[PDB]
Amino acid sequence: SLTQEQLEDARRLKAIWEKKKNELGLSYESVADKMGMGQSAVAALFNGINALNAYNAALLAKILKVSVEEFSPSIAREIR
């Protein structure tokens, strides 16, 4: 089970994805491919089924062209 804060991280992440995927030219398929992971594995992060870690948070921040803190202030402090 995810903590409340991990569910809030995922909600912020999914909202950034939904806001930016068109301008980034990305799809449900192509962002998983960019992350070298399965489609449902990435959806799992966005939808709050699996929690983020520092590896995944960093890779998604780079792909989405945002700061980690915009979806996970806690991972962003600790990656720090």
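Residue indices: 1-based, along the sequence shown.
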query: For residue 47, the third of its chain into which the C-alpha B factor falls; finding: middle
query: CA B-factor placement of residue 65, once the chain's modelled residues are sorted into thirds; finding: middle
query: Residue 40 by Cα B-factor - lowest, middle or highest third of the modelled chain; finding: highest
query: Cα B factor band for residue 74 (lowest, middle or highest third within the chain); finding: lowest
query: Residue 24 by Cα B-factor - lowest, middle or highest third of the modelled chain; finding: lowest
